[PDB]
Amino acid sequence: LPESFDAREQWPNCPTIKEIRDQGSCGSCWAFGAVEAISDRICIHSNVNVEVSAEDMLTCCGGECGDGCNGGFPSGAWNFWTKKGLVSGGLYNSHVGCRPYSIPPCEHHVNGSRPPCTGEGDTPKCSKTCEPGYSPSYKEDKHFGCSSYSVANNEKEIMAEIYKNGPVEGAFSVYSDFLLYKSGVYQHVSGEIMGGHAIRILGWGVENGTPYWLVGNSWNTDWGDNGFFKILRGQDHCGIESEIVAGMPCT
Ligand SMILES: *[C@]1(C(=O)N[C@H](C(=O)N[C@@H](C)C(=O)O)[C@@H](C)CC)O[C@@H]1C(=O)OCC
């Protein structure tokens, strides 16, 4: 394996790999990390570009994935993809795809032009219909996964998985000091625990001798390093290597 790897550069024909979404005032990171990586993998393994609907995942999976805006289980999300499939759907108010995200973007622990996020957000309804004007039908717009698996808490295996099959979804414990991240390799040193957080790992590297994972957060682009962040790699820091999940698209 190379010392560094950036899925954005390795798969130039898959722009979803470079995009950063906004989960809004809803604890739907479990769903976002999943649909983002799935969007990447659909492009990687069928090179078609599709913005997989975070809305479809968040609202229609149900108990199998957890509790909607109240948090969920990443591996459960990839299972839904293989069982029920996922329709397309872009950013809030984009009118892109079958089911665009219905929760407004907001400021995540930063100041900006958008309204500040409010932890309190309800899970939208599971509507099995597409926005007006979009074709095909909800059922016909479903994209299915053909496998859903968990990658071992092993740095090399995780790197190999990414290197070969594309970005994966992961999760780690968020402490308050992470909220103010701007640059460099994040290492937890202080702050009360905020809870678990699911994200998308799309690569790795070494900064000033410090090995790290290249991660895409779902708190919009004005948070962190243009929406991305780097976190210590190799020591299961904050459990970043403990809950890696992925899957492969059908044909
Ligand atoms: C993942 C999650 O979404 N976490 C919360 C979050 O992202 N909040 C946004 C609105 C923000 O700007 O902080 C929050 C706890 C993180 C600080 O609870 C879900 C989940 O399913 O976690 C399990 C992996």
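Residues numbered from 1 in each chain as written, not as in the entry; some residues may be left out. Heavy atoms only, no water.

S.K.: How should I be thinking about the state of the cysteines in this particular structure?
M.R.: For the coordinates displayed, the defined rule picks out 7 disulfides. Disulfide pairing places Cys60 opposite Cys126 at an S-S distance of 2.0 Å. On the S-S bond that ties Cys60 to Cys126, the torsion sits near 95°, and the link is right-handed. Taken as a pair, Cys60 in helix α3 (residues 54-60) and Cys126 in the loop between α4 (74-83) and β2 (145-151) lie far apart in primary sequence, 66 residues in all. You can see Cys238 has no disulfide; the closest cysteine sulfur is in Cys29, sitting 14 Å from it. (Disulfide = S-S within 2.5 Å. Helix = DSSP H or I, 4+ residues; strand = E, 2+ residues; numbered from the N terminus.)

S.K.: Would you mind going over the site of the ligand with me for this structure?
M.R.: In the vicinity of the ligand, 15 residues are found, and the nearest of them are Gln23, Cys29, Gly72, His108 and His109. Within the backbone of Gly72, a nitrogen or oxygen atom sits 2.6 Å from an oxygen atom of the ligand. In this structure, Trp219 approaches the ligand through a side-chain N or O atom, which is 3.2 Å from an oxygen atom. In the complex, the protein chains occlude 82% of the 570 Å² of accessible area that the ligand would expose alone. Of all the secondary structure elements, the ones that give two or more residues to the shell around the ligand are α2 (29-44) and β5 (193-207). With 4 residues, β5 is the largest single contributor of residues to the shell around the ligand. Residues that form the shell around the ligand fall into these classes: 5 nonpolar, 10 polar and no charged. (Near = heavy atom within 4 Å. Polar contact = N/O pair within 3.5 Å; in protein donor to acceptor, adjacent residues only side chain to side chain. Areas by Shrake-Rupley, 256 points an atom, 1.4 Å probe, with all protein chains shown as cover. Nonpolar A, V, L, I, M, F, W, Y, C, P; charged D, E, K, R; others polar.)

S.K.: How do you make sense of the nonpolar core when you look at a structure like this?
M.R.: A general trend in soluble globular proteins is that nonpolar side chains are found buried together. In terms of nonpolar packing, the biggest core is built from 71 residues, with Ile38, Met57, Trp78, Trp213 and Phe229 touching the most fellow members. The element that contributes the greatest number of residues to this core is α2, accounting for 11 residues. Those residues in contact with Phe229, other than ones at most four positions away along the chain, are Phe172, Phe178, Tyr181, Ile199, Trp213, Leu214, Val215, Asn217 and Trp223. (Core = buried A, V, L, I, M, F, W, Y, C linked by side-chain atoms within 4.5 Å. Buried < 20%, exposed > 50% of the residue type's maximum accessible area, 1.4 Å probe, protein only. Contact = heavy atoms within 4.5 Å.)

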